[PDB]
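When the chains are written out, they are named A, B, C, D and E in that same order, and each has its own residue count from 1.
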Amino acid sequence: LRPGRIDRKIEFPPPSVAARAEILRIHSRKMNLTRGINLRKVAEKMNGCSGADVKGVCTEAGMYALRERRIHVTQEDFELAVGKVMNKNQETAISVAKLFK
Amino acid sequence: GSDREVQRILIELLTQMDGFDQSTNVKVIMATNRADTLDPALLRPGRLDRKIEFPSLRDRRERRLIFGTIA
Amino acid sequence: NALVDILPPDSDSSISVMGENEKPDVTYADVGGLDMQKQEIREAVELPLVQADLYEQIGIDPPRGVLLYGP
Amino acid sequence: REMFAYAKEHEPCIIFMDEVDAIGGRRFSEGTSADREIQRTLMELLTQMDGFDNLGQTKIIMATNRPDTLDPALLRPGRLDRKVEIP
Amino acid sequence: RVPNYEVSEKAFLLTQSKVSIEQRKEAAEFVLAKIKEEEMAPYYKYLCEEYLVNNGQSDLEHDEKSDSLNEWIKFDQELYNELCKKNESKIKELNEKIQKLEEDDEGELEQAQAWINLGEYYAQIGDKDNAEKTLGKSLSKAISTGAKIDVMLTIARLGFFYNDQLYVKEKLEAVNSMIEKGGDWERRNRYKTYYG
């Protein structure tokens, strides 16, 4: 960090709630949803702390709908999916515990 | 010379795993005693996505069952 | 040393199938507990075997290999 | 590998490992290449001890002069079911 | 959307004379209510032509048989006056909006949405030809893939309205091209049924 060696430094924040909806929207193009589901509603159910959270929420809803055995993804799967990631996020910081044994 | 033999086998695994994808097979099951033998690329998704932990801690209802099956 | 004939890929295996000429020696009657992993392994292994197309129609792309770690 | 095979045609076999501390070593391999040589040979044992290969009339007697040298996967019961100390 | 096939279901039942006496009189009730409320006026004139030799006819401007087995059939002159008025009104209103969407650039999404409402009104009064024309202008403005599939299937439904199977069959070729462009599983179920 000495003079003239580093000249641009880019800080990255955690995501906004508008930015967190924008990542969710990319993921929905892979999936087949039902009409009438707002992803600005989902981004407000979330609060995240990284761009990492939003990718496991989209996967979980589709594993929930995989269990369902219906093609569509419904708006209730997102009640549960938001709950699973946010729960997984607290279970590695109460004793700080790793993602491994 | 001996280590370059180990590695040349592992490369083929990674490469055959890439070819293996988008197939109706289940991509490889593997286990490891510890989590400090992995390489950064082996653990990376697209080769290994899922990380199924096994805890020793388990809860009161599960020690019961496991005593119960062996009985 | 010329290519004069070809072999089918079935034969010239490293080791033959060990699931039709052998049969697992443990069933889920040893399994009581270890249910936490049971919800994750029935997703990972069994669902692409019974039908791979379940994933594809929903629009979820399938998970890859499984790593089991722990003592 | 081929010694266990011998053990399945020969009746009730008894495998005495004498004074094992050689491959008793832990994961190390931040040292020399010898520590991965240990590793290769160690993995070989586990697959034999428990798997689709299961024993019953092949027994392991393991003799060591200190047991806290070993890797804990060689302290694993049901491969080592009884731990007899002679004081 | 809703009266377009339900009136036609009851109207087919009413046409027959090879149905039960009671079933015909029950269906006649549904049809007649929906002509006056929904302004099906032109299709109703068309319907007097679909009996002829079958019975029930009791119209005031269109033919009758000597046997009327139905009396939930009636032509009134109010229907015809209403037609003239309502027609002008609906066309006038959205016309202006389309011009407003020209003046300030909003016309990609909105003008197509205006023209969809036009084909639905033209579909409501029983015109396949002119409902299709307005749903054709919806395509030209560049819109989502999903919207384009939706519109073709509406045009194909206007084929069931007159019970012309060729008219259905022809439109449903085009949707087979679009269905994988949009790629939906949602509008593919619709397609499965439409083709069913």
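Convention: contacts are C-beta pairs under 8 Å (C-beta built on N, C-alpha and C of every residue); 3 or more make two chains touch, one makes a residue touch a chain.
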Touch-network distance, chain A to chain B, counted in steps: 1
Dominant chain pairing [most C-beta pairs in contact]: B-C
Farthest-lying chain, centroid of Cα atoms versus that of chain C: E
Identity of the most central chain, Cα criterion: A
Separation of chain C from chain D, taking each centre as the mean of its C-alpha atoms, in whole Å: 29
Whole-Å separation of chain centres (CA-atom averages), chain C against chain E: 55
Centroid spacing, where centroids are CA-atom means, of chain B and chain E in whole angstrom: 61
Between chain C and chain B, distance of the C-alpha-averaged centres to the nearest whole Å: 12
Residue list for chain B, restricted to those that touch at least two other chains: 33-35, 51, 53-55
Residue list for chain D, restricted to those that touch at least two other chains: 73
Residues within chain A bordering two or more other chains: 32, 71, 100-101
Residue ranges of chain A touching chain C (in the complex, touch as defined): 30-32, 59, 62-63, 65-66, 69, 71, 73, 100-101
Partner chain B, residues of chain A touching it in the complex: 99-101
Residues of chain A defined as touching chain E within the complex: 32, 34-35, 71-72
Touch list for chain B against partner chain D, complex: 2-3, 6, 33-34, 36-37
Touching residues on chain B, where the partner in the complex is chain A: 35, 51, 53-55
